[PDB]
Amino acid sequence: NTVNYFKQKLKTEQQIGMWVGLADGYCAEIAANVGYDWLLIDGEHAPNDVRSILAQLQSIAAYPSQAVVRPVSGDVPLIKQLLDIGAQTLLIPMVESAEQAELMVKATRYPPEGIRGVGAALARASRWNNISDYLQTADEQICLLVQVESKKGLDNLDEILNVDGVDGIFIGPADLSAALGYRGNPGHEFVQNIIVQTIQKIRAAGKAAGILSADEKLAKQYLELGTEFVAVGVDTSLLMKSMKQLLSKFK
Amino acid sequence: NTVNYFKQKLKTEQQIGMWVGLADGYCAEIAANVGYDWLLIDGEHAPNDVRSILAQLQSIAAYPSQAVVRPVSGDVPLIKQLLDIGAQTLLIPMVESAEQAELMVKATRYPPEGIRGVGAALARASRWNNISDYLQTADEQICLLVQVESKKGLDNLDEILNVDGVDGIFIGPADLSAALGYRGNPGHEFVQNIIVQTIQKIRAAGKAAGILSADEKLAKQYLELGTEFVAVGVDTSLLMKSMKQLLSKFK
Amino acid sequence: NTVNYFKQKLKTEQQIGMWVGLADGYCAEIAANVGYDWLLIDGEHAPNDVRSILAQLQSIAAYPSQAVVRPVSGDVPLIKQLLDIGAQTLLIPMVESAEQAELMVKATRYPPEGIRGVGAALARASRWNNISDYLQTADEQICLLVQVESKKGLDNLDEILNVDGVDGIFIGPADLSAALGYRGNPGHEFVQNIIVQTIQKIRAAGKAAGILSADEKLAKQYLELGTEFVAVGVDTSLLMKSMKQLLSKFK
Amino acid sequence: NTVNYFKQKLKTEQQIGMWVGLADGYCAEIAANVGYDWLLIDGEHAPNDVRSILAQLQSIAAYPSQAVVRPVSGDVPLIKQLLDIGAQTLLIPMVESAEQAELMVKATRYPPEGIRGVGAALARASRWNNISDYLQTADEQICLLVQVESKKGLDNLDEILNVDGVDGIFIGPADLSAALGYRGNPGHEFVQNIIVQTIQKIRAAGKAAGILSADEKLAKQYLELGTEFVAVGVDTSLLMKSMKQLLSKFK
Amino acid sequence: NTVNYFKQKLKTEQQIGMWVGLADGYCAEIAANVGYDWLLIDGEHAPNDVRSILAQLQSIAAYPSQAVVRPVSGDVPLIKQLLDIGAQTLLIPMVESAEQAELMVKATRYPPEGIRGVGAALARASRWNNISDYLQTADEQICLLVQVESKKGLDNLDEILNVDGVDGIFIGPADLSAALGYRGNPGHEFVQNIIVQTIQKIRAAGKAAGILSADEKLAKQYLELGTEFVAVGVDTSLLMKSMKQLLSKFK
Amino acid sequence: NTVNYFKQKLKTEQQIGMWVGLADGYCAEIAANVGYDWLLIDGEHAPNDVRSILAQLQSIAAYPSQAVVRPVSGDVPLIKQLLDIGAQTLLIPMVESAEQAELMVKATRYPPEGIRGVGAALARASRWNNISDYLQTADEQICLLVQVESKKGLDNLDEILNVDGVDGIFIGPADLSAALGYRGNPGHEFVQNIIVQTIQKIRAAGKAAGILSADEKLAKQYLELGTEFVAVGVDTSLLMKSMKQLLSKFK
């Protein structure tokens, strides 16, 4: 019902993901019909706000695909809002220290242990108190993933990996390749060797490892490493690419 | 500037089209970047209204691709609205007689010759009277296409083809195959032979012939017949198909 | 998955309904959490269009409650639109002859038997062709209800009740009491005696009978008569009434 | 509080009007702060639907300016929708016979006298039944204006003017000049003499005469003739003209 | 006309409030027709942004109910935006020090005394400079309420209560009970005794005390203590509860 | 095609600007038809969010007028969003140190030199990777303006003017006159003398100077000083003023 199946499957299987940046309920529903294990509603790099993410959670809710929401940043009030509209799995960009990851764990948990604002009567998260024990049980079905995607993030990796309540570390190859001076070129061996080592350290610390690659060969290679959550394409890239390919057959 | 290049090119070249049923400005802009000769904003089979079609005309306006709007039906007031938001080419579904096609010609022209409501001060069509002689020159850049896609439409084809101000007849293979008792199966020889004969009669009467086929082989065959406007795919079908194909490489 | 359970339950049980006139995907979701057998998305008397009805179908789709859509009128093109966004049950207002009810049956069925426009590729109804045999099986799961709520409707009742493909006749007590010279007073014995006789005639002809009443005693009495689909309240009335009642405890 | 002051002032004073075609609640509020006697929300020549018109009724409702809504056509179901969202004055375009004007009167009145669909519980018009006697009193505060703006309209002027419940006849100079073969040149003596005689006949039959002119000299001449409701400008034309004039001071 | 009646009544009477988290202009208008002294537009726990809050200010503005806006956090730029759209009373969540309360006072006042960004020409607050002296008089009609709802808030209660320009302290029972280790159980004696003492200290320092309770007995007890602004219910909770109660009469 | 002409013209000519605070794609299009060198889409003082700014970039993109976006504040994540939707010129309000101006430069540039988040695949800025070398060439076409409009801004003026990558300093006369104790009276000689000296210092340090004034005489005087970018009016002010002026001709 509101069991976080993406959260349970981190320990259980490898989950194939689709990036959703078309930023509307109608597009999110089309993606939701395909059968991806997870759909990333991108609040960071697509023109989304709280209301458009809600619309996309409502579309996707009818379908087995599990929703993961990336906020624009690790903003504690915005995390409060996204949890209340019922986003059960968050991906926080650009996480750079154990202290920042601990703030994000606290942002996802109610007082007295955390700092998640309490407003269950008003929340789709509680179905407006129609889930009777929401305030006692919400935490069990919240999944927190953080992105390592900067030099400082790699510099604090072991420390982030010992933070209790971080379920998964996701590697951002676009941000990380740029930070490493290989902007636009994550396929470089220098970047790939750091990514592979990063995945191994994530899985050796008992956390789930995730990544995005539209490159089919790199995606399969990440899956052979045991990477637990692999996004394998992007709705905007697939729409543009297929329309271009179709046109080139007639130019 | 507001020259209807789709209209001029009916006499000049074969125009490759993309069907736009994602029904928002953002999606219409992605399609507009590909380089299709024309984009069909579907008011009949996608969840569009006047305001969403406006948003999509505004997105597309920055790009060389020419916009064609299909209204839900040959409704004279709705044609008035779509012309005022600045749609220069309309495709009218389910046209079934010379009398209906003549009503549609009149719907696209100002009195005293036509019945297009006059409200140029308020219209994006006139850029709010920033096009000085709009009321004298609008008609020159309006293009009217009608669909033949029923038994009655085929029964009135010669009569529709002698109506002055019909620039083009578009064949709807989904509606026509269903009307012919081959619903879901336009690829049948019975349907194809009627389509090919219909195209030849359209071009022999000096009008532009158009059609949609997502089948690449049928599309190329329609282009070899000299069909002037051929839509060759559908944004919703390309997004769904590419996301499915991508997923099957990992299932 | 896309089985019309409301349609099946017409022969099987009494279905308790809630009127949805708050005209937004968020309000439709709240209503969908209660457990009503059916939700009437009101496109006649609430400020809805095709796009707002789509948002409310997507909200409701995640919940067992079955959606029924009332269009503003028996308009064939608008029926086409509502079917393509995936409304499986329609309630047509102000139906007044067998001829009009037969037009509505045809409006819900594909050619060659009906006049439903074919555009399955673009439709949420087909899940963008992800339901493989949609064009062959669509009609099995479409349910057509018609409203008798005028003197001319009652004058054509036996004729409407012999129209094959009318699944149900719903009585509109507001429109009907007004047509009978008892505007705002459907509780009058003159009106109630016609309502009861009408329900009996509907069930004697083997069709489902429906009605709305916010009066609990009248709703229970219609349920004791065997009325198959009974709406029992209206979201706007319940929001307003409960807010007034609460304020009167403090004035 | 829901007294139709525009309707009362038709017998009492000359009411100065502003055309609103910017088609959003924010623009309609700006216009509402100026102090016009009336504001014409234009559903015919501005990109409005029922929901955009509702938003503009809500903006305007805090201000003394009275709202008048022009629907796209004399469509009975659309009239029903506009009345239910709480539009108390309607301006019907392109009215051409006593029969059509009588249909419009009926479209604004409840059965048994009229054909206005009854659904007061759901309507902003009744404030969701918070106006207790709404169904008994609604018609007293409904004002029906019809546009005469075609040859056929002028050919049926005396017949339209004897139709009980037509409160006002509005002359459309753009449509009328077009219909008379002077498209874009309403200023012509041929057109002006017909407008003047038309106004005198409207007032001799004891109905309110209305018109729009953005020409100040023509507006004042129509006011000296006793024209009861004169729109004197258009928000889109004032926005465009003021921005152009400002720029020419710097080119 | 733009007099902040909520602000004046803080010294004068006890004001009864309704929480508005249905987050659209249509729902806010329904609530506005009931006669609550105030309406809390909830930007913290309902899916609102600046534009949705503007729509709800516009709906409510026609009605005597006074609007109060809760922003998501004490963010100075967001406060600037909410003031400019014309919100005259703000409820700042989670205020924890005299320093933070002083920052919020400054955020509501123009330089040189405050840090409210100046842009009156563009603002609904000034009615686009149609309120002539707006920049000189704005602060007289701005009301600042701060929430005490954490241990740190209670630890800084005396300091917050000596901050000039804090008009009211609102107690958040959900956040406060959570912070005290009684999450979801504000009814506990431990929590109630802290709330009662907190209210008495707020009123002894000559500020207005406020609270929300949906429990009628607790609401009336807070009113007997002299609490100046008591919210007594939540629109989402009333909608859900009334629809559930109605359904259980038929299960 | 995506050349920043506003940026090039900073070294080349004086650019006449219009302030856009009507906050919608339709109004932004009207303004885009006039021929202003630049249009300021105001995300600080008009009710805009990322999605409404996107709609207005898409409207404006078809016209030669160059778009400049003011965010609500110098927020690094919000700058990321506005750059990804394809805003090429940003005006940062209330910049007060070289440290803050350097943060803003970094916020507009990709790593490793800056901290702009990398997500080109999803961005209108890259046209969804249809601009092939976007990640290599993006910064060449990004223009950063900062506002000096506080005492601390003037106290850090020389330091801000030595920050490499600040293309322009814009003076905010409303915020600055208020900070100087002359709120609502920027026309005072004390204020004007600081504005003139500030412009001279900006141009002496080889940066572009900008300002807004709706006062024609002050705008011409700033143009005679060589001010590179001068906004000369505000859409809301021009809509309101022209509507009031028109009404005063009839009162």
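Things to note:
Order of writing sets the labels: A, B, C, D, E and F. Residues in every chain begin at 1.
Assume contacts are C-beta pairs under 8 Å (C-beta built on N, C-alpha and C of every residue); 3 or more make two chains touch, one makes a residue touch a chain.
Chains touching both chain C and chain E: A, D. In this entry, A-B is the pair from A-B, B-C or C-D that repeats the interface of C-E, since more than half of their contact pairs coincide by residue number. When chain C is laid over chain D using CA atoms, the rotation angle comes to 120 degrees (nearest 5). Centroids built from CA atoms put chain F at 40 Å from chain B.
Chain geometry summary: the mean Cα position of chain B and that of chain D are 34 Å apart.
One inter-chain figure worth recording: chain A and chain D are separated by 53 Å, centre to centre, where each centre is the mean of the chain's CA atoms. In chain B, the residues that reach two or more other chains under the touch definition are 23, 26, 30, 33-34, 47, 49, 54, 124, 128, 130, 236, 239-240, 244. Taken as a contact graph, the chains fit none of the simple arrangements: neither line, ring, star nor complete graph.
Under the contact rule defined at the top, the touching pairs of chains are A-B, A-C, A-E, A-F, B-C, B-D, B-F, C-D, C-E, D-E, D-F, E-F. Listing the residues of chain D that touch chain E in their complex gives 25-26, 29-30, 33-34, 54-55, 58-59, 61-62, 124, 127-128, 130. Within the complex formed with chain A, the residues of chain B that make contact are 16, 18, 22-24, 26-27, 30-31, 33-36, 47, 216, 219-220, 223, 230, 232-233, 235-236, 238-244, 246-247, 249-250. In the complex of the two chains, the chain C residues touching chain D come out as 19, 21, 23, 42, 44-47, 49, 52, 72-73, 75, 93-94, 150, 172, 174-175, 178-181, 183-184, 214, 234, 236-237, 239-240, 244.
Taken in their complex, chain F has these residues touching chain A: 49-51, 54, 76-78, 80-81, 84-85, 110-112, 117-124, 128-130, 135-136.
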